[PDB]
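Let me begin by presenting the structure, written as structure tokens, before commenting on it.
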Amino acid sequence: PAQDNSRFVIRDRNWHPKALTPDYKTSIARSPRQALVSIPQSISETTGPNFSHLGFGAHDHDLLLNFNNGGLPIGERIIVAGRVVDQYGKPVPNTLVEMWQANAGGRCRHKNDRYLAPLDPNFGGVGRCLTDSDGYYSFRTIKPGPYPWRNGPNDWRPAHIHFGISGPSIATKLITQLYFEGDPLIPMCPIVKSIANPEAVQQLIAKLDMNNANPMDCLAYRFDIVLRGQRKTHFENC
Amino acid sequence: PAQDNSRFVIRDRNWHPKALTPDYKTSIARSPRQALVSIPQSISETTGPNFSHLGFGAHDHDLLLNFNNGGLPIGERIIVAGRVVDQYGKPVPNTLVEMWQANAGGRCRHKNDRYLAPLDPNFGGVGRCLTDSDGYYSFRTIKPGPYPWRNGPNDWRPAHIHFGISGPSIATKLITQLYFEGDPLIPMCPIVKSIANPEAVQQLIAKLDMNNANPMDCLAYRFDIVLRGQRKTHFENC
Amino acid sequence: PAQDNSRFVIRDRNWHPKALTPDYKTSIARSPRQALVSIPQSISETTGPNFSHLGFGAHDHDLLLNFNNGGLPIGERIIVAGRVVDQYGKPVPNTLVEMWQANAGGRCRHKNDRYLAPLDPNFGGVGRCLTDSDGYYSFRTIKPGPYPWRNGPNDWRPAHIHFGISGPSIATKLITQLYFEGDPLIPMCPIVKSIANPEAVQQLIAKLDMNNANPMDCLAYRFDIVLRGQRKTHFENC
Amino acid sequence: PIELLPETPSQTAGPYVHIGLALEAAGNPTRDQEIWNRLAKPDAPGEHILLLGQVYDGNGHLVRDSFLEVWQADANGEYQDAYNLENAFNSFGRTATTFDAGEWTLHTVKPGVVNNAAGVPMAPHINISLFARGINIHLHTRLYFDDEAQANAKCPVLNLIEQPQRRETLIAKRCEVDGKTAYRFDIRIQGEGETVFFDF
Amino acid sequence: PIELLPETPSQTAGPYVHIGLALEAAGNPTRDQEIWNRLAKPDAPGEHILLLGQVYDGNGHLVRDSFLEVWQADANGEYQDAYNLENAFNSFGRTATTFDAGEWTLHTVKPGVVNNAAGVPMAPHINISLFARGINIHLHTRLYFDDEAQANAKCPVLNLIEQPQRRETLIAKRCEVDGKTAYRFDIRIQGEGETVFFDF
Amino acid sequence: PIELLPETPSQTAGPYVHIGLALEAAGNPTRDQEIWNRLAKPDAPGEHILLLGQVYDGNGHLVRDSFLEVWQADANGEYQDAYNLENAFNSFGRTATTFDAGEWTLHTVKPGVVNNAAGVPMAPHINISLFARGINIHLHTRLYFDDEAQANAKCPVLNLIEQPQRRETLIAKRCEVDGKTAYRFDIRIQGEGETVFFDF
Amino acid sequence: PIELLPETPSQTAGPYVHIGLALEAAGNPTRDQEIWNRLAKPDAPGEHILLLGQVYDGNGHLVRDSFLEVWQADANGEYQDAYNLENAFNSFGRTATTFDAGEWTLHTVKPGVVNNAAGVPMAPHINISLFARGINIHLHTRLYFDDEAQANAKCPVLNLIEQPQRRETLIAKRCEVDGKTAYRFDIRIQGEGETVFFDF
Ligand SMILES: [Fe+3]
Ligand SMILES: [Fe+3]
Ligand SMILES: [Fe+3]
Ligand SMILES: [Fe+3]
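Residue numbers (the working numbering), protein chains in the order written: chain A, 1 to 238; chain B, 1001 to 1238; chain C, 2001 to 2238; chain D, 3001 to 3200; chain E, 4001 to 4200; chain F, 5001 to 5200; chain G, 6001 to 6200.
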């Protein structure tokens, strides 16, 4: 079983987006009015699931082949790779990185998405990968296209891939979004602007990686994820 | 018939790309070693075709419908609009604007293109439009994806749409390329870098136009084209 | 009848003042807690009243003469003129511009105004004008004086003239306030501070216009108004 | 991106909005031609109705200084843009709530059906714009009728409001004031039963 | 002061969270192994319970697109981190509320007692993380049980909540669903009876 | 000095120029009306000629992806700017060299005489603009004829070329293709016998 | 974009390249173990060949100061990376052209077939790297054989060279020097008959 031997660096809730961000409309009715109750870390908070024993299919990380009904998806073939480290710069091995996205046109494979851009019969948009010993993950997919949404009258989400990172604990567990370098829609999105600090928005921008690109085949993007720093317990209860 | 009543501003061949640009490999064997012979402008150079009487089909400007085999193309639905003016800022009416591009994956509909990204059965990539009285044109298409090419070992063309502009004369006739705002591949392309002046590269960057976008439908890009200034003849042959 | 041929550029609600601005005390109880519901533009939103056939009195725009009980108002005689354009810089012709203000001492002609500065027996404070072919409007009035109000214990409104502009649609309809160049009360007022962006406040400041002033008579202030950009519909419902 | 000229920013209409836009409601003398609450002359086509309502703040207290502007189609579902006081029907009108009358009134006909951009029929509605002290930028809303339930259930605009309970705030309750067909439409700016406001 | 590398900022899970994290609930085809609501297999030790609840927003309306992640100890009060579908019990599980099912379900056993860092026993609880559109950074909460009144009064985490009326929002009510032992835990994100959320 | 707005920079036509400007040559389906190599219809006035040529690069190798645009006067020496496919003659036309046909063809009439700006008669010529991959900005040239020796010696544009050996590169040789009058005009972009290119 | 550490820039090998890399070719004393032109010992498997050639500049004059490095697979199509002078065959070797010997020599076996990344068989080749004064960054080339015409026509690398005439510059002509199988491979750095150089 799991033990209480780790302490996690307290989250900077001024770096992270606030609960109440008015421009992002749905946050108004879905944000607590009462203050969060601070509790010390215990075994309930400092431990979490390990997904090393989960049965991963061969194409779970490859979105170009994991839906396959008879062909290849239409769109810009890209590799989305990066490293998962903690605040101390320590790699996070054997961690679950889950991702989901829209197709080249910005259409998501869900019943609630009635956007006029057609579905790609060869694209699912779901991906999962367990990080290696050095904390590296890699996905092969197509660059998702931007999509409109009912927030403001002309609000468009920048091209993005949603990310879900488990980490060593439920305390480190994080769901975020990846944006693409140079996309002019980034400073205009209310979901991006929910983050007050501009330096924090930069941590979400995946950068073009020509070094990791496959010549005459696919481009690449680097997205490094930083999770809460893990430290050993010291001087607790004397 | 056409008459000799106009003079065109002499082309700044230091603004325009040079014939010999080594990094763009094919230019080495396809560039003149001898100097261009300067000739005065005459009726042969100052006149050109007028395409007002050409039979344009209803969807010639709409690349989302001009190929139609049973559906819509997969990709980011966009409007590429702009104005065609001359160096004096005077609009260029009833001029032919022709364009061609790749699909969302960077695949062109030609036999010589053996790129692994699939063809879109609902996308042709050919478009034409005659400018209005104010010099405005508009195309509805999908955002083309970048594509690799055999130049350097890892050379990738930025997402682009090729443009062909007729103008009032064969002297104004121009073929160029449109690039998209923020695309990180622009400062890396040898075809873009064939233009020495960085301020000239900026004239080729189509900018995001949220004002011309159709809410819940398609985005828009503005690309203004500037042709050689047209002036009346004065004090010729005394 | 009116037709659905125009589309209007979406309002920047971060440029405009927010609903909840606590320093302006009355806004606390009169601001919606729920988010605004975004709806697309239809004939109900893109059309609006045309006041070209409304019967304007000869002195409707002239506040020095439209109250007249036997004399001229006490105060700094000024001309308030300008142009009403849209975001594209296109003039807005035949539009209704309405205005109201206080006298030279800050006293408004209303029953609830029990400010100890007297009323001017020759001043009402109401005006209306229809813009010409080129979008120009003009008013003749006296410069209003600042007035105190029960917000903070020592709160003073700067010298202002309220403006009401209709535009081509109910989408463009706007009510605003004009302030005067150099007034030291402008950066101290909670109603002016309701606007977050200081460059937005600058558009509300009327600039002294010595060129439009009548020598030995009255001064002039120029106040240009910019309404939402109007564009024709394109590529709707394919 | 393309930056256009910025729109002139909005400011509150102020506590004295009535002196410049609702001269009679204030108590000040009127001009020859005023834009007021009589949209339809007694001889206008369609079902003649009286609209009334009160505006409430977040504390449940009456707003006795509000100014409202309305825009609606005629009985045939056509928008009459050319405002003239000689017309039987005008699509535009103005009303207000004062300290002497905490209830606004509007004399008009029931609007006909109009299609949206997509060609889908919208339910009979009146477009409202609310201005008052404390309201920095005006509030847009729509007035729907309770006796048009079948059309209300199929309206594209009303169906854009996620929650069914919030759609009811835009529906005016039918009553009778001295043998005349009347609809009551109370606007609650903030709090319990808050009226749906639009952006376009 | 000493500054470490900044943590990657959180963003909302979005409306379509289910296509990537709850495939069956999204009506999309599943992969061989999925992480879902069946924490305990029928032959697992402890009192087998069914957990259900609804998520309410600030207007008292149902959140039909929420995604919940649970972390709990087994019947013996031990955390099983090694996730495998062949196991009789898994301490982790995911559940969701959909448009087809506005109520979330969880099949598990009642957790045993675990001590805090100071050695003081905490009452039987389930750690819940709530994700959805509109929630920028996930909300952490705990599910306590009503039949553990003696243990709940002594819990060091529950006693950190200043007001005793707010502690009640974390207590699941015992009920019965189809002749099986069940507990109802409704979460109110905002307003009247707002659920206590934690920071750690 | 006075600076005007800068002209939009040129870029190469690229390898796939044909899909947008020579649809039939690209093996792609054509539209109703296309701009192609048939300048003159069989019943057009003047001496009907067939023009053919090959484009060579600096290594003496064929350019099988070139795109050429021609501008010429009619038999009467007048420029017909009004392009229409119903016309007997069109002064404009497009031709190309493909991988399937490394030679370009043009069906037209021999142009008449036109004067320069100074009133001096220029010899019968065809204005050619050459586009292809590797050509950053198009090359302008002129096609003169060998049986017009007297007119070619007097031409003011041809006499602006300093060396008489370079003037020969602009002179098309008279030949016969299938019992029809033809002229061969080969273009050498670089090297030995390099074609004279113009700037105007 | 992601900027990695930049590679150390290249500089010419200089006129005295032989003193540090071709000690015997210079005329300076050698060390115990040198990397030279004897890739295959007389007892190595496969068809034993002698390779010779001259390096020419752009004026058609001999380069009497060049340095060449070679890399090839053995007769079985395997690359032997572990360089040792005790091995029968070494995949790596060095040769040069001096003022005393304007012709470089190489004693090796004919390389076997190797597959590219895609699994397609490449024709028998020797990878060459040319260094000399005036050559700022080394020139990469390949040596193919004329008696392997069927394999040369199906090689993916040789077929990447657009023009067929340029493919012939990479093909070594078979001859006989004292009963030994010999292939002549002249490298023309610039001008007429210029050798194809690669980038990878
Ligand atoms: Fe005021
Ligand atoms: Fe999304
Ligand atoms: Fe291209
Ligand atoms: Fe040296």
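Ideal Cβ positions, reconstructed from N, Cα and C, are used throughout, including at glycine.
At least one CB atom of chain E sits nearer than 9 Å to the CB of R3166(D). Annotated three-state conformation of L4143(E) is strand, per DSSP. When C-alpha distances from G6112(G) are compared across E6103(G), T6105(G) and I6126(G), the shortest belongs to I6126(G). The beta carbons of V226(A) and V97(A) sit no closer together than 9 Å. Think of a sphere of 7 Å around the beta carbon of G106(A): the chain B residues whose beta carbon falls inside it are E1076, in chain order. If you check each beta-carbon in the segment 1184-1208 of chain B against every beta-carbon of chain G, the ones closer than 7 Å belong to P1184. Listed by position in the chain, the residues whose beta carbon lies within less than 6 Å of some heavy atom of ligand 4 are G6014(G) and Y6016(G). The residues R4142, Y4144 and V4196, in chain order, have a CB closer than 6 Å to that of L4170(E) in the same chain once the five nearest residues on each side in sequence are set aside. Sequence-ordered contacts of the segment 49-63 of chain A with chain E read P49, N50, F51, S52, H53, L54, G55, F56, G57 and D60 [C-beta pairs closer than 9 Å].
Distance from the CA of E2199(C) to the CA of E3007(D), rounded to the nearest whole angstrom, comes to 12 Å. Under the three-state reduction of DSSP output, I2028(C) falls in the coil class, being neither helix nor strand.
Within the segment 3132-3156 of chain D, no residue has its Cβ closer than 8 Å to any Cβ of chain A. For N1069(B) and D120(A), the gap between their C-alpha atoms comes out near 16 Å. According to the DSSP assignment, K4154(E) belongs to the alpha helix (DSSP H) that extends over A4149 to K4154.
The beta carbon of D2060(C) is closer than 8 Å to those of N2066, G2127, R2128 and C2129 in its chain, skipping five residues each way along the sequence. Within the segment 145-160 of chain A, the residues whose Cβ lies closer than 9 Å to any Cβ of chain C are, in chain order, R150, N151, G152, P153, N154 and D155. The beta carbon of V85(A) sits closer than 9 Å to some beta carbon of chain E. DSSP places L5039(F) in the coil class of the three-state scheme, outside both helix and strand. Taking every protein chain shown into account, the CB of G106(A) has 16 or more other CB atoms within 10 angstroms, so this residue is buried.
Only exposed fits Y88(A), as fewer than 16 other CB atoms lie within 10 angstroms of its CB. The beta carbons of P1168(B) and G1048(B) sit closer together than 9 Å.
Contact check for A220(A) and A213(A): beta-carbon distance about 4 Å, within the 8 Å limit, so the pair qualifies.
Contact annotation: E4192(E) and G4060(E) have beta-carbon atoms nearer than 9 Å.
For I2170(C), same chain residues with a beta-carbon under 7 Å away, outside a window of 5 residues either side, are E2045 and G2048 in chain order. By the neighbour-count definition (other C-beta atoms within 10 Å, threshold 16), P2215(C) is an exposed residue. Within the same chain, and ignoring the five residues on either side of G4058(E) in sequence, the residues whose Cβ sits closer than 8 Å to its Cβ are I4189, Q4190 and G4191.
Taking a Cβ-Cβ threshold of 8 Å, the residues of chain D close to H4061(E) are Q3163 and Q3165, in chain order. Bridge pairing for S2194(C): absent [DSSP]. At least one heavy atom of ligand 3 falls within 8 Å of the beta-carbon of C1108(B). The count of Cβ pairs closer than 8 Å, one atom from the segment 3161-3180 of chain D and one from the segment 4102-4112 of chain E, stays below three, leaving the stretches out of contact. If you check the CB distance, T172(A) and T4012(E) do not come in under 9 Å. Between the beta-carbon of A4132(E) and that of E4148(E) there is about 29 Å, and that puts the pair past the 8 Å contact cut.
Proximity of chain B to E2045(C) at the Cβ level (cut-off 8 Å) is not reached, the minimal Cβ distance being about 12 Å. Judged by their CB atoms, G4014(E) and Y24(A) are not nearer to each other than the 9 Å cut-off.
Put simply, the CB of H2162(C) is near chain D, with a gap under 9 Å to one of its CB atoms. Flagged as an interface residue toward chain D: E2236(C), by a C-beta distance shorter than 9 Å.
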